[PDB]
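A.B. asks: I'd like to ask some things about the structure below.
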Amino acid sequence: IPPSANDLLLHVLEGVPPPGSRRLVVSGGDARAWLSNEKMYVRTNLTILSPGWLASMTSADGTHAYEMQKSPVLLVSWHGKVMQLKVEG
Amino acid sequence: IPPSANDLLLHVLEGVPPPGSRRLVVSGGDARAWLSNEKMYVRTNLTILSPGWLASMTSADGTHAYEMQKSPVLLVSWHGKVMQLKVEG
Amino acid sequence: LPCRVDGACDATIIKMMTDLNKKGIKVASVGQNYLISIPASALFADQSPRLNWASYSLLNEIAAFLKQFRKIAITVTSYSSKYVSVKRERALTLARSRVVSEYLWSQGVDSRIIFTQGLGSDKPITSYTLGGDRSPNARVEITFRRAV
Amino acid sequence: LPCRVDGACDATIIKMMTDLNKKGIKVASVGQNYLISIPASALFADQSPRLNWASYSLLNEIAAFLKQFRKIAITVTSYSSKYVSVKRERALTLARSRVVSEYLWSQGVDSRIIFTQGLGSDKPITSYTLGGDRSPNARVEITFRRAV
Amino acid sequence: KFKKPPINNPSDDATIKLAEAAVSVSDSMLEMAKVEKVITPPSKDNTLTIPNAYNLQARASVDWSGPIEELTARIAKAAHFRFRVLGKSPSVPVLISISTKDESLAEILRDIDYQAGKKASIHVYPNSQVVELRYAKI
Amino acid sequence: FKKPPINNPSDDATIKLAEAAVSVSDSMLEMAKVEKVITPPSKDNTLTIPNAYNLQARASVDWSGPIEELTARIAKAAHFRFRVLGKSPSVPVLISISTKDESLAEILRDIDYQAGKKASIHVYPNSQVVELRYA
Amino acid sequence: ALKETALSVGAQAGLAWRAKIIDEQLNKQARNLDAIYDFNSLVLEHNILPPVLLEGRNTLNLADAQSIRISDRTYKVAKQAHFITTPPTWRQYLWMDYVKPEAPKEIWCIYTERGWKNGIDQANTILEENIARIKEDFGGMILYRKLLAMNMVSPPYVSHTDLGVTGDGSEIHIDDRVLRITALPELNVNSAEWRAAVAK
Amino acid sequence: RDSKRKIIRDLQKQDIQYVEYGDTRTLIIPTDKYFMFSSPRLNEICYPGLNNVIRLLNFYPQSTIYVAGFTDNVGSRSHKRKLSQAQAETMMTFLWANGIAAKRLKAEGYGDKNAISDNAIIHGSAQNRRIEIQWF
């Protein structure tokens, strides 16, 4: 049986960071990301397109939370426009 | 079975400090706080609202006496007014 | 540091008190009770709950007077002489007290409660009923106990 | 480094807005919706979905104005005055809106949708029905919402 | 000259950020009130146990944050009602906090009674002149 | 001439924050409205004021302990008889009453309220006798 | 390197300046903020601070190349229900600590303004995490009231065992009520006992 | 110096917007500066903008007048509809009491439903709280 998600995605479903993480600066879109233990966690309401995420949840108002590996570039759909976001960390 | 209160609260329901304390200086309101052993004890007739106390007593004239943790800010209701109170120690 | 003044000075308290008693606002102070009575012709028009535009400066300077004290509850009440009936008189005077507490609650007072009521000529302070709102029975008073 | 502007300046917004309003292209701007309003004689010929050659400079300044915002969907719609039939009218204004959207798509907009439609004078903006394409009811308008 | 109409004061990002947190907790709160009021329909009001009265129809305008009994004693003192306490007040306070403007005293007592729901109650007996405050059983 | 309000939301974020505050305040009020159990005062079960002239004396009592002793002594303060029906339990039902001026009809209402469902107070002013009943 | 110690000279000063500015901005909106974060009107029966339920919908986990797990809605009881004495205000979450740092040419000026902007948005991210923490906690208690209305969680079961006058001759306590929480709130898993909120 | 160009130029300086569109003309009056907060009581410290809009539609004495009131997304649907209904009604009574006939006027309060900006952003919600006055 596999695990269900991370339940750290419930915390990064809100803006509150995972405990003992490191903040990253997402530049280019309205997203935040943290780096907990060799995995970054993005809170956004854009759609993550390129770098492959391992886990997601999504709120009632449609902001998603993603658990993925440390990619320096995210690619997103904003509203059909495909954009990139730089992270630093 | 849990303990009753502190019976030190009968002493700090008067103005008399506990044996072997060090007093704190309360600014901004009519309260007296002592610190006996990693707990402060504050004799008030304002009502403490923000930090959360561990034990309380109240005498005949509406004096309260609280036992709480060491917090540098008390916040009180005076008369429907929320005010803050400084302690030092 | 803890503050010496509370955004208020005692010289400005008595300067506002002499200026209001020079302007005919009766400012009594009996111990810790304080009573500021405006005559009703200085605020409203005759038998109407509607402020003049000139009287808002008077409401600004009594609001600056009530800013200087630390209080709990301002009670504003109003009464006037009999015009049509006592039911219209009570509706007129509680409407007058509610618009003067609406402006004082909008302005800077620091009272936690402001009670507002009106009486239908039920407490005259003279027996001379010769005026309308020009009589000094017609007034709106501001009563508060200054706390500590 | 991240970029300050997206190839667009606020002085160029108000300069192209006042130059199009000087040229008679009425640019209203309500909130975050934007409406530019071309009269049909200023860009097409009479009763025809063929654009004139001089009007491509007007569409070059229209597309240089539409380069400056960020938008999801621009709807271009058009309606001309009542000429032969309403079916002839709707086919003419559908062809007019799709050829001005074809030029605005081949030019740089940054949009994702252009919604082209035409109506058979179903929304006039005056009751004066003076003529053919000389009437200000006969027009094409370009409406969008500026995104963030 | 071009101008969008509401040109307010300059804000800052503290109150911008508190506003966008505030609208989310606001509409999640009102849909919580929607699920609560549709699984239990509200049976009755409290106006039959707090009825309005002449001299209770005087108005007040109050921001307040402390305990209940000081505020209810002050309104009953202004409303000329003898205020009385039934039940001893608990060891934690029953904190209520009211910011309203120009509301009558019967409705101020009614949302005081709703604000101290399930811990206290207010009753007004207006054929007498008494505002009684009932503390809870626990 | 007048002024604006002082801490008015005259600023585009503060109007959204403060109208969010009034929306969370009235939705707090209607969730308080729906989960607030009230009783009607026709079925409120508490003791009324029995309006006897011996019970309209302004007394004063600060005391905490078991109910039957205080109700006996206010009955002999008001020259009323004191009956007790039912059995007093092993744990006693306990009251706290501290007032320095109260009518003892209202002290009787307070002792019936703090008894609640453990005990109850009847009062018969025609035969002039109060009665503590247990259950 | 002298530009870098100019930058860290500007960083802590801009951090404490922005922290003081949003402290007065927090104190300006104080009646609105306890109107928003009304924890006092969200405590339960026996001053139970209610627990913080978290909600995650459309949950994917890619466990390997061959197995994933979807779930439709998840709820997690973080930060369980307990006895509280006083309700929490906003200011345990939102308030930032202002100490005035008493710790002091051309690239010093321009890197110290770059460091001052770095300290300003660093304090803005600390305020972003503080409004995040209070939105998580207050939405959890609102979500507790929603799921208790939907019959998805158990309410807490207090137990007030009464004692009489208690202790020996040196100490009495007259009405001695000890109040325990026997049943903590939890999500019930018998799923047919839930309630459906259809409103109109 | 007392004409329509001058009075819409200081209406622009008093930040009430005005667009001409063919036969339709609409004024947009922001409730954030021209109303007391979350209330249908009129902000009478901004009385010269209201004097300028009654000086504007003194020029158009035969048109019927739509007055519609708007909000942003905060609150209940009944709260938004009742608050914009009350604000459009008190602007309708202000124009009726300052001398427009009562059957030329028609108030309607839409609870945020037309939404000339978005409501996800602060300046867009500030632009959404408005009063539309359409006439012919």
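Naming scheme: A, B, ... for chains in displayed order of the structure tokens; residues 1 onward per chain; ligands 1 onward as shown.
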Could you pull out all residues of chain G with a DSSP call of strand (DSSP E) and give them as a PyMOL selection string?
C.D. replies: chain G and resi 48-49+52-62+68-78+82-83+157-163+176-183
A.B. asks: Could those selected residues go to a file with C-alpha atoms, as a CSV table (one decimal), in the first residue's frame?
C.D. replies:
chain,number,residue,atom,x,y,z
G,48,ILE,CA,-12.6,24.0,25.1
G,49,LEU,CA,-10.3,25.4,22.5
G,52,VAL,CA,-7.6,22.6,14.0
G,53,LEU,CA,-9.0,20.6,11.1
G,54,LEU,CA,-7.2,20.8,7.8
G,55,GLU,CA,-8.8,20.1,4.5
G,56,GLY,CA,-7.1,18.9,1.3
G,57,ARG,CA,-9.0,18.0,-1.8
G,58,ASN,CA,-7.8,16.2,-5.0
G,59,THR,CA,-4.9,14.5,-3.4
G,60,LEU,CA,-2.4,12.7,-5.6
G,61,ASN,CA,0.7,10.9,-4.4
G,62,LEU,CA,3.0,9.3,-7.0
G,68,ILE,CA,-0.3,6.3,-7.3
G,69,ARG,CA,-2.9,7.2,-4.7
G,70,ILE,CA,-5.8,9.6,-5.2
G,71,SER,CA,-8.2,10.6,-2.5
G,72,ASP,CA,-11.1,13.0,-2.8
G,73,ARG,CA,-11.1,14.9,0.5
G,74,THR,CA,-8.8,14.6,3.5
G,75,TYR,CA,-9.2,16.0,6.9
G,76,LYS,CA,-6.5,16.1,9.5
G,77,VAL,CA,-6.9,17.0,13.2
G,78,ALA,CA,-3.9,19.1,13.8
G,82,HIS,CA,-8.1,21.2,25.0
G,83,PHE,CA,-9.0,23.2,28.0
G,157,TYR,CA,-17.1,14.8,26.2
G,158,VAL,CA,-16.4,16.6,29.5
G,159,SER,CA,-16.9,14.9,32.8
G,160,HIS,CA,-17.4,17.0,35.9
G,161,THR,CA,-17.0,14.8,38.9
G,162,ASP,CA,-18.2,16.7,41.8
G,163,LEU,CA,-16.6,16.5,45.2
G,176,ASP,CA,-14.7,20.9,44.5
G,177,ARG,CA,-15.5,20.1,40.9
G,178,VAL,CA,-12.9,18.3,38.8
G,179,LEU,CA,-13.6,18.5,35.1
G,180,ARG,CA,-11.9,16.1,32.7
G,181,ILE,CA,-12.0,15.5,28.9
G,182,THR,CA,-12.8,11.9,28.5
G,183,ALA,CA,-13.3,11.8,24.8
A.B. asks: Could the residues of chain C that have an atom at most 8 Å from chain B be listed as CSV, each with its closest atom pair and the distance in Å to one decimal, counting only C-alpha atoms and ordered by chain and ascending residue number?
C.D. replies:
residue,atom,partner,partner_atom,distance
C:2,CA,B:28,CA,7.1
C:72,CA,B:79,CA,7.0
C:112,CA,B:80,CA,6.6
A.B. asks: After a least-squares fit of chain A on chain B across every C-alpha pair in order, what's the RMSD, to one decimal?
C.D. replies: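 My reading of the C-alpha RMSD is 0.3 Å.
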A.B. asks: Near residue 69 of chain A, within 12 Å and counting only C-alpha atoms, which residues show up once chain neighbours fewer than 6 positions away are dropped, as a list in words?
C.D. replies: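 Everything that qualifies: residues 33, 34, 35, 36, 37, 38, 39, 40, 41, 42, 50, 51, 52, 53, 54, 55 and 89 of chain A.
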A.B. asks: Would you mind exporting the chosen residues as a short mmCIF file (atom, residue, chain, number, x, y, z; two decimals), in the first residue's frame, restricted to N, CA and C atoms?
C.D. replies:
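The file below, result.cif, is the result:
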data_model
loop_
_atom_site.label_atom_id
_atom_site.label_comp_id
_atom_site.auth_asym_id
_atom_site.auth_seq_id
_atom_site.Cartn_x
_atom_site.Cartn_y
_atom_site.Cartn_z
N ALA A 33 7.34 28.98 -2.10
CA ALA A 33 7.91 27.65 -2.00
C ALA A 33 8.80 27.54 -0.79
N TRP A 34 8.83 26.36 -0.22
CA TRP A 34 9.72 26.03 0.87
C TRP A 34 10.51 24.79 0.52
N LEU A 35 11.51 24.50 1.33
CA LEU A 35 12.38 23.35 1.08
C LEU A 35 12.55 22.61 2.39
N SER A 36 11.84 21.50 2.55
CA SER A 36 11.74 20.89 3.87
C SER A 36 12.89 19.94 4.15
N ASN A 37 12.98 18.85 3.40
CA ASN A 37 14.13 17.96 3.49
C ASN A 37 14.34 17.36 2.10
N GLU A 38 15.13 18.07 1.29
CA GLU A 38 15.43 17.81 -0.13
C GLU A 38 14.19 17.69 -1.02
N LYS A 39 13.10 18.35 -0.66
CA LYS A 39 11.88 18.41 -1.44
C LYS A 39 11.32 19.80 -1.28
N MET A 40 10.96 20.42 -2.38
CA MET A 40 10.35 21.72 -2.31
C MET A 40 8.84 21.57 -2.36
N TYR A 41 8.19 22.56 -1.79
CA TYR A 41 6.75 22.58 -1.61
C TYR A 41 6.29 23.91 -2.13
N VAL A 42 5.41 23.89 -3.12
CA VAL A 42 4.93 25.11 -3.73
C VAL A 42 3.47 25.28 -3.38
N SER A 50 5.96 21.94 -16.12
CA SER A 50 7.09 21.09 -16.53
C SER A 50 7.65 20.09 -15.51
N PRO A 51 8.18 20.47 -14.33
CA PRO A 51 9.29 19.67 -13.78
C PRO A 51 8.89 18.43 -13.00
N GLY A 52 7.60 18.10 -12.93
CA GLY A 52 7.19 16.84 -12.39
C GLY A 52 7.01 16.96 -10.90
N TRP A 53 5.79 16.84 -10.42
CA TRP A 53 5.58 16.90 -8.99
C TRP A 53 5.24 15.53 -8.45
N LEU A 54 5.56 15.32 -7.18
CA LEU A 54 5.27 14.03 -6.59
C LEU A 54 3.91 13.99 -5.93
N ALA A 55 3.40 15.12 -5.44
CA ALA A 55 2.15 15.07 -4.69
C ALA A 55 1.42 16.39 -4.77
N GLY A 89 17.47 28.37 -4.26
CA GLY A 89 17.67 27.48 -3.14
C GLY A 89 17.72 26.04 -3.62
#
A.B. asks: Can you list, as JSON, numbers by chain, every protein, DNA or RNA residue that comes within 9 Å of residue 25 of chain F when you count only C-alpha atoms, leaving out same-chain residues fewer than 2 positions away?
C.D. replies: {"E": [26], "F": [20, 21, 22, 23, 27, 28, 29, 30], "G": [35, 36, 38]}
A.B. asks: Write the residues you've just listed into a file as a short mmCIF file (atom, residue, chain, number, x, y, z; two decimals), in the first residue's frame, and include N, CA, C and O atoms for each of them.
C.D. replies:
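The resulting file, again.cif, is reproduced below:
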data_model
loop_
_atom_site.label_atom_id
_atom_site.label_comp_id
_atom_site.auth_asym_id
_atom_site.auth_seq_id
_atom_site.Cartn_x
_atom_site.Cartn_y
_atom_site.Cartn_z
N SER E 26 -13.60 35.28 6.21
CA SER E 26 -14.96 35.79 6.20
C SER E 26 -15.92 34.89 5.44
O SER E 26 -16.99 34.54 5.96
N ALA F 20 -14.88 42.98 5.71
CA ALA F 20 -14.71 41.60 6.09
C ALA F 20 -14.95 41.40 7.58
O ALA F 20 -15.53 40.39 7.95
N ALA F 21 -14.56 42.39 8.39
CA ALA F 21 -14.79 42.33 9.84
C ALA F 21 -16.26 42.44 10.19
O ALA F 21 -16.74 41.74 11.09
N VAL F 22 -17.02 43.24 9.43
CA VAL F 22 -18.45 43.27 9.72
C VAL F 22 -19.17 42.05 9.16
O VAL F 22 -20.16 41.59 9.75
N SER F 23 -18.60 41.39 8.14
CA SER F 23 -19.23 40.18 7.63
C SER F 23 -18.95 38.98 8.52
O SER F 23 -19.84 38.14 8.73
N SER F 27 -21.88 37.02 10.70
CA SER F 27 -21.99 35.56 10.57
C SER F 27 -21.64 34.83 11.86
O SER F 27 -22.20 33.76 12.11
N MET F 28 -20.83 35.46 12.72
CA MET F 28 -20.68 35.03 14.11
C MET F 28 -21.97 35.20 14.88
O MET F 28 -22.31 34.35 15.71
N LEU F 29 -22.71 36.27 14.58
CA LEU F 29 -23.99 36.52 15.24
C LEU F 29 -25.06 35.52 14.83
O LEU F 29 -25.81 35.04 15.69
N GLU F 30 -25.12 35.14 13.55
CA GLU F 30 -26.14 34.15 13.22
C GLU F 30 -25.73 32.72 13.53
O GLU F 30 -26.63 31.89 13.75
N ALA G 35 -12.40 41.60 15.86
CA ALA G 35 -13.64 41.24 15.20
C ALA G 35 -13.43 40.09 14.21
O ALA G 35 -14.33 39.27 14.03
N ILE G 36 -12.26 40.02 13.57
CA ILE G 36 -12.01 38.95 12.62
C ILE G 36 -11.66 37.67 13.35
O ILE G 36 -12.31 36.64 13.17
N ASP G 38 -12.16 36.12 16.18
CA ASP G 38 -12.97 36.00 17.37
C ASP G 38 -12.83 34.57 17.86
O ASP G 38 -13.69 33.73 17.63
#
A.B. asks: Identify all chain A residues at most 10 Å from chain G by counting only C-alpha atoms; ligands do not count. Present them as a PyMOL selection string.
C.D. replies: chain A and resi 1-7+9-17+23+53-60+62+64-67
A.B. asks: Given identical sequences, what C-alpha RMSD separates chain D from chain C after least-squares superposition over all Cα in order?
C.D. replies: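 Here the C-alpha RMSD works out to 0.3 Å.
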A.B. asks: Sort by chain and increasing residue number a table of all residues of chain F within 12 Å of chain B, each with its closest pair of atoms and their distance in Å to one decimal, counting only C-alpha atoms, and write it as CSV.
C.D. replies:
residue,atom,partner,partner_atom,distance
F:62,CA,B:60,CA,9.3
F:63,CA,B:60,CA,11.3
F:97,CA,B:60,CA,11.7
F:98,CA,B:60,CA,8.7
F:99,CA,B:60,CA,10.3
F:100,CA,B:60,CA,11.1
A.B. asks: Take the residues from that selection and write them out as a compact mmCIF listing (two decimals), in the first residue's frame, keeping N, CA and C atoms.
C.D. replies:
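part-v2.txt, freshly written:
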# COMPACT_ATOMS: atom_id res chain seq x y z
N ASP F 62 -23.06 36.76 52.80
CA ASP F 62 -21.97 36.11 52.09
C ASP F 62 -21.74 34.79 52.80
N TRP F 63 -21.87 33.70 52.06
CA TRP F 63 -21.84 32.34 52.59
C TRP F 63 -21.71 31.38 51.42
N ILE F 97 -23.51 32.27 47.74
CA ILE F 97 -24.24 33.53 47.63
C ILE F 97 -23.44 34.56 48.38
N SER F 98 -23.06 35.64 47.70
CA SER F 98 -22.37 36.75 48.32
C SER F 98 -23.04 38.01 47.80
N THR F 99 -23.85 38.63 48.63
CA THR F 99 -24.40 39.94 48.36
C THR F 99 -24.49 40.72 49.65
N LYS F 100 -24.19 42.01 49.57
CA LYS F 100 -24.27 42.86 50.74
C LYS F 100 -25.56 43.67 50.79
A.B. asks: DSSP on the backbone: what in segment 3-90 of chain H comes out helix (DSSP H, G or I), as number ranges by chain?
C.D. replies: H: 4-13, 31-34, 44-56, 77-90
A.B. asks: Tell me the residues of chain E close to chain F, meaning within 9 Å using only C-alpha atoms, as a JSON list (two decimals) with C-alpha atoms, in the first residue's frame.
C.D. replies:
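The new file selection.json reads:
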[["chain", "number", "residue", "atom", "x", "y", "z"],
["E", 6, "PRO", "CA", -11.69, 55.64, -6.50],
["E", 7, "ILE", "CA", -8.37, 57.23, -5.63],
["E", 8, "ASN", "CA", -8.16, 56.45, -1.93],
["E", 9, "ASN", "CA", -5.25, 56.81, 0.47],
["E", 10, "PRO", "CA", -2.06, 54.80, -0.06],
["E", 11, "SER", "CA", -2.25, 51.46, 1.69],
["E", 12, "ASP", "CA", 0.60, 49.21, 2.63],
["E", 13, "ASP", "CA", 1.05, 45.52, 2.32],
["E", 15, "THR", "CA", -3.35, 45.79, 5.57],
["E", 16, "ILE", "CA", -3.37, 44.45, 1.98],
["E", 17, "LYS", "CA", -2.26, 41.04, 3.31],
["E", 18, "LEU", "CA", -4.65, 41.18, 6.26],
["E", 19, "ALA", "CA", -7.45, 42.04, 3.84],
["E", 20, "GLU", "CA", -6.81, 39.02, 1.64],
["E", 21, "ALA", "CA", -6.60, 36.78, 4.69],
["E", 22, "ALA", "CA", -9.72, 38.50, 6.02],
["E", 23, "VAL", "CA", -11.94, 37.84, 3.01],
["E", 24, "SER", "CA", -11.09, 34.12, 3.02],
["E", 25, "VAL", "CA", -11.81, 33.68, 6.69],
["E", 26, "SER", "CA", -14.96, 35.79, 6.20],
["E", 27, "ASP", "CA", -16.52, 33.67, 3.50],
["E", 29, "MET", "CA", -17.15, 31.70, 8.24],
["E", 30, "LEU", "CA", -20.37, 32.58, 6.41],
["E", 31, "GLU", "CA", -20.56, 29.22, 4.68],
["E", 32, "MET", "CA", -19.99, 27.67, 8.15],
["E", 33, "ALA", "CA", -23.03, 29.68, 9.26],
["E", 34, "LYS", "CA", -24.85, 28.35, 6.18],
["E", 36, "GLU", "CA", -25.08, 25.25, 10.75],
["E", 37, "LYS", "CA", -28.32, 27.10, 10.02],
["E", 40, "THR", "CA", -30.45, 22.86, 12.56],
["E", 41, "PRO", "CA", -33.12, 25.35, 11.63],
["E", 42, "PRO", "CA", -33.20, 28.11, 14.26],
["E", 43, "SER", "CA", -36.26, 27.41, 16.38],
["E", 44, "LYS", "CA", -36.91, 30.75, 18.04],
["E", 45, "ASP", "CA", -35.44, 34.15, 18.79],
["E", 46, "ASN", "CA", -34.54, 35.62, 22.17],
["E", 48, "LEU", "CA", -39.57, 36.73, 23.92],
["E", 49, "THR", "CA", -37.13, 36.40, 26.80],
["E", 84, "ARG", "CA", -29.22, 41.24, 39.29],
["E", 85, "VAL", "CA", -27.06, 38.13, 39.03],
["E", 86, "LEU", "CA", -28.37, 34.58, 39.18],
["E", 87, "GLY", "CA", -25.68, 31.94, 39.45],
["E", 88, "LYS", "CA", -22.09, 32.53, 40.46],
["E", 111, "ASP", "CA", -26.51, 40.22, 20.82],
["E", 113, "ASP", "CA", -26.99, 37.23, 24.99],
["E", 114, "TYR", "CA", -25.95, 35.67, 21.70],
["E", 115, "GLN", "CA", -22.30, 36.61, 22.29],
["E", 116, "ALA", "CA", -22.35, 34.92, 25.67],
["E", 117, "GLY", "CA", -24.22, 31.96, 24.25],
["E", 118, "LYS", "CA", -24.15, 28.66, 26.22],
["E", 121, "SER", "CA", -28.11, 34.27, 29.45],
["E", 123, "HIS", "CA", -33.45, 37.92, 30.92],
["E", 134, "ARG", "CA", -27.85, 33.99, 34.44],
["E", 137, "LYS", "CA", -24.54, 25.40, 35.28]]
A.B. asks: Could you list the residues in chain H lying within 12 Å of chain D, using only C-alpha atoms, and format the result as an MDAnalysis selection string?
C.D. replies: chainID H and resid 16:30 114:130 132 136
A.B. asks: The selected residues should be written to file as a short mmCIF file (atom, residue, chain, number, x, y, z; two decimals), in the first residue's frame (atoms: N, CA and C atoms).
C.D. replies:
data_model
loop_
_atom_site.label_atom_id
_atom_site.label_comp_id
_atom_site.auth_asym_id
_atom_site.auth_seq_id
_atom_site.Cartn_x
_atom_site.Cartn_y
_atom_site.Cartn_z
N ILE H 16 -15.19 61.63 -9.30
CA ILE H 16 -16.33 60.93 -9.87
C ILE H 16 -16.07 60.82 -11.36
N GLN H 17 -16.13 59.60 -11.88
CA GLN H 17 -15.85 59.40 -13.29
C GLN H 17 -17.11 59.62 -14.11
N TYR H 18 -16.91 59.96 -15.38
CA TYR H 18 -18.01 60.27 -16.28
C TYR H 18 -17.63 59.80 -17.67
N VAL H 19 -18.39 58.86 -18.24
CA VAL H 19 -18.16 58.50 -19.63
C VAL H 19 -19.41 58.84 -20.44
N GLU H 20 -19.16 59.33 -21.65
CA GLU H 20 -20.14 59.53 -22.69
C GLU H 20 -20.13 58.30 -23.57
N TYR H 21 -21.31 57.77 -23.87
CA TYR H 21 -21.34 56.71 -24.88
C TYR H 21 -22.61 56.83 -25.72
N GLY H 22 -22.47 57.52 -26.85
CA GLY H 22 -23.54 57.70 -27.81
C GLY H 22 -24.66 58.55 -27.27
N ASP H 23 -25.82 57.93 -27.06
CA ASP H 23 -26.87 58.61 -26.33
C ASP H 23 -26.80 58.35 -24.84
N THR H 24 -26.14 57.28 -24.41
CA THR H 24 -26.04 56.97 -23.00
C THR H 24 -24.91 57.77 -22.37
N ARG H 25 -25.14 58.22 -21.16
CA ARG H 25 -24.10 58.83 -20.35
C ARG H 25 -24.14 58.19 -18.99
N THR H 26 -22.98 57.77 -18.48
CA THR H 26 -22.97 57.22 -17.14
C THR H 26 -21.91 57.88 -16.28
N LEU H 27 -22.34 58.27 -15.09
CA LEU H 27 -21.47 58.69 -14.01
C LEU H 27 -21.15 57.49 -13.14
N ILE H 28 -19.94 57.45 -12.63
CA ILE H 28 -19.51 56.41 -11.71
C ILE H 28 -19.04 57.11 -10.46
N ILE H 29 -19.74 56.87 -9.37
CA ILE H 29 -19.51 57.56 -8.11
C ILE H 29 -18.98 56.54 -7.12
N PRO H 30 -17.73 56.66 -6.65
CA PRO H 30 -17.20 55.67 -5.72
C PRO H 30 -17.76 55.83 -4.32
N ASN H 114 -22.06 42.83 -11.85
CA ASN H 114 -21.61 43.29 -13.15
C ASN H 114 -20.11 43.40 -13.23
N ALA H 115 -19.48 43.88 -12.14
CA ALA H 115 -18.09 43.63 -11.75
C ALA H 115 -17.08 44.18 -12.77
N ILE H 116 -16.99 45.51 -12.82
CA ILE H 116 -16.13 46.19 -13.80
C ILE H 116 -14.64 46.07 -13.53
N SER H 117 -14.22 45.52 -12.40
CA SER H 117 -12.93 44.91 -12.28
C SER H 117 -13.13 43.58 -11.58
N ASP H 118 -12.02 42.88 -11.32
CA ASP H 118 -12.07 41.67 -10.53
C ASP H 118 -12.23 42.00 -9.05
N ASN H 119 -12.45 40.96 -8.26
CA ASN H 119 -12.56 41.13 -6.83
C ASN H 119 -11.48 40.39 -6.08
N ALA H 120 -10.54 39.78 -6.80
CA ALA H 120 -9.43 39.11 -6.15
C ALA H 120 -8.33 40.06 -5.72
N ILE H 121 -8.37 41.31 -6.16
CA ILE H 121 -7.30 42.24 -5.87
C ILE H 121 -7.90 43.48 -5.23
N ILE H 122 -7.04 44.22 -4.52
CA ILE H 122 -7.47 45.25 -3.57
C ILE H 122 -7.98 46.48 -4.31
N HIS H 123 -7.22 46.93 -5.31
CA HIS H 123 -7.62 48.08 -6.11
C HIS H 123 -8.77 47.75 -7.04
N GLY H 124 -8.90 46.48 -7.42
CA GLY H 124 -10.04 46.07 -8.20
C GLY H 124 -11.32 45.98 -7.40
N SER H 125 -11.23 45.62 -6.12
CA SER H 125 -12.42 45.63 -5.29
C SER H 125 -12.83 47.04 -4.91
N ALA H 126 -11.84 47.93 -4.77
CA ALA H 126 -12.09 49.35 -4.57
C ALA H 126 -12.75 49.98 -5.78
N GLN H 127 -12.37 49.53 -6.97
CA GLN H 127 -13.05 49.97 -8.17
C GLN H 127 -14.40 49.30 -8.37
N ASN H 128 -14.63 48.16 -7.73
CA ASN H 128 -15.93 47.53 -7.87
C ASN H 128 -17.00 48.19 -7.02
N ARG H 129 -16.62 48.73 -5.87
CA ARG H 129 -17.59 49.46 -5.03
C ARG H 129 -17.92 50.81 -5.66
N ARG H 130 -19.06 50.91 -6.34
CA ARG H 130 -19.33 52.06 -7.18
C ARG H 130 -20.82 52.30 -7.31
N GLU H 132 -23.32 53.35 -10.55
CA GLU H 132 -23.53 53.65 -11.96
C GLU H 132 -24.78 54.50 -12.08
N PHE H 136 -30.05 59.13 -20.65
CA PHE H 136 -30.06 59.30 -22.10
C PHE H 136 -30.07 60.76 -22.52
#
A.B. asks: Report, in Å with one decimal, the straight-line distance from atom CA of residue 55 of chain H to atom CA of residue 94 of chain H.
C.D. replies: 12.8 Å
